[PDB]
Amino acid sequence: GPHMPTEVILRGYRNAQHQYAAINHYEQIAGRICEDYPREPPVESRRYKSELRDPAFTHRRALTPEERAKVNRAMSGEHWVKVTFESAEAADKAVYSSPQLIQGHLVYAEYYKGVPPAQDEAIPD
């Protein structure tokens, strides 16, 4: 069925330096995450961050209007991040798979319900 971008909270990782691992792992197991967050550890620099979208400056995937609207609703804390899966099916896989063990922490995936998590906290396994 037609892809409808679907927002999910990923939460419980050790600290903000572990956000990349939550995103990489859940993207790999569930499907594309539309945000341009890092998927590599911040142990050393890898890539320049740019918010340009002009194709004279980037040939990275152009977001659809529906994807862009949700990606622009950026939300995160120290131990959580809101992501936009490209489809409802991907979001459902993430939620079914939750929690996942990521660098010694249980990282939960929950549908976004209009509010941030009440607690911004790590969940050591």
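Numbering starts at 1 and runs along the sequence shown.
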(message) If you average the CA temperature factors as listed in the entry, which stretch comes out higher, 44 to 52 or 92 to 100?
(response) 44 to 52
(message) Comparing average C-alpha B factors as deposited, tell me which of 33 to 41 and 79 to 87 sits higher.
(response) 33 to 41
(request) Divide the modelled residues of the chain into thirds by Cα B-factor and specify which third, lowest, middle or highest, holds residue 16. (result) middle
(request) Using the B-factor values recorded in the entry, state whether the Cα atom of residue 118 falls in the lowest, middle or highest third among the modelled residues of its chain. (result) highest
